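Each remark here refers to the structure printed beneath this line.
Atoms considered below: every heavy atom in the structure, side chains included; atoms not considered: hydrogens, waters and symmetry mates. Every chain is numbered from 1, with letters handed out A, B, ... down the list of sequences.
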4 protein chains.
Amino acid sequence: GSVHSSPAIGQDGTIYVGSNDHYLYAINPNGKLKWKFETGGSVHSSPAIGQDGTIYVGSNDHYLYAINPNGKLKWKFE
Amino acid sequence: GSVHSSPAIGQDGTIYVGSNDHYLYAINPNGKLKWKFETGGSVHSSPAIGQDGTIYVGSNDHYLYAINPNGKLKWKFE
Amino acid sequence: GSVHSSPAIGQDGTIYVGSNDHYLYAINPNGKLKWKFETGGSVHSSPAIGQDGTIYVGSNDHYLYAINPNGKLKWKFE
Amino acid sequence: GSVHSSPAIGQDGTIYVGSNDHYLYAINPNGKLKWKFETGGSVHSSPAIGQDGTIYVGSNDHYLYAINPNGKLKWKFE
């Protein structure tokens, strides 16, 4: 397997990456955590970024997540 | 394995994602389904979007699919 | 596993996709084959496209391939 | 498995690709090595490139790496 998804880069340089530890990480370009988002399963899918900055990623809990840029859930799709 | 491919984002913000349930999903940015497209196998490949909006994704049924933005098959390649 | 890599789209709309059948495929947007390129192993890696149109993809024969837009080998890196 | 991640392309055409041999490779468009970066595990994740050229990739040593364009470590995140 792979511990990390491929990263995605936001407008301000934020680095978003999924982990098989079940979290989506948002990392500042300075290497400090901005936030992390808890899903119910491994995040192998590489995040995509919408035109408005929404971060989308699938989880092995079977949901497609839409996360606001501040780390709060926008919605999940099953 | 992974339940989801990595998502792709269309011009209008539509989120396209493959599933190992054999479907390609097109999701409105509001979290409601736009359409889903039935293939014959797991869609692990992450979709790509052409300049005219066509959505391309491979399936483990061994076909490369070209899907119109309205969810109708354009062609499949083997 | 997955039969297909994720596709990449060229300037003219050409769709490039790797297969576990060991080939990199270049498909016209009309669904007809432009060319295919034979490697020595499964092409699980998703191709990337350079600014000059070169197509790059890794193969499980352990080479990173650079392919010209006309399907001829440019170089391979090990 | 897959020996290579999907490649990423830098501003000057440099091709960045991870290997399950634990290294991230930066290859000149002419096919000669620019540098390689040693991690502690397979680099299955496909690199992403920041707006300032930083290369980000995850490794199965459980770190997300930020690498400067000259191949020197910028930081690693766990």
side-chain hydrogen bond (donor to acceptor under 3.5 Å, both in side chains) against C/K74, all qualifying residues, sequence neighbours excluded: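 Partners of C/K74 by the side-chain hydrogen bond (donor to acceptor under 3.5 Å, both in side chains) criterion, ordered by chain and then number, come out as C/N68.
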
Taking transitive links into account, so neighbours of neighbours count too, which hydrophobic residues share a cluster with C/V3 at under 4.5 Å side-chain distance?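 Its cluster mates, by chain and number: none.
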
Other hydrophobic cluster members with D/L33, side-chain heavy atoms of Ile/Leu/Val/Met/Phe/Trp/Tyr under 4.5 Å, chained?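 D/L33 clusters with C/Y56, C/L64, C/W75, C/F77, D/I9, D/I15, D/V17, D/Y23, D/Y25, D/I27.
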
Would a 4.5 Å heavy-atom cut-off, applied to side chains only, mark [X] and [Y] as touching?
X: D/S59; Y: A/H4; answer: no
X: D/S5; Y: C/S45; answer: no
X: B/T54; Y: C/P29; answer: no
X: B/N20; Y: B/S2; answer: no

Salt bridge (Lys or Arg N to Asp or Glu O under 4.0 Å) contacts touching residues 41-50 of chain C (sequence neighbours left out):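 Those involving residues 41-50 of chain C do not exist here.
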
Could you work out, with side-chain contact (heavy atoms from CB on, under 4.5 Å) as the rule, every residue matching C/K32, not counting sequence neighbours?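 C/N30.
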
Just to verify, what does C/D61 make a salt bridge (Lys or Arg N to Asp or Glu O under 4.0 Å) with, not counting sequence neighbours?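 Residues passing salt bridge (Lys or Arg N to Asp or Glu O under 4.0 Å) with C/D61: none at all.
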
Minimum heavy-atom distance B/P47-B/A8, with the two atoms named: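 Here B/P47 and B/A8 meet closest at O-CB, 3.4 Å.
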
Considering all heavy atoms, the nearest D/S6-D/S46 contact: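 Shortest heavy-atom contact: N-OG, 3.1 Å.
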
So, does D/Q11 use its side chain to make a donor-acceptor pair with the main chain of D/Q51 at under 3.5 Å?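 Not at all, since once roles are kept as given, no pair shorter than 3.5 Å links the two residues.
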
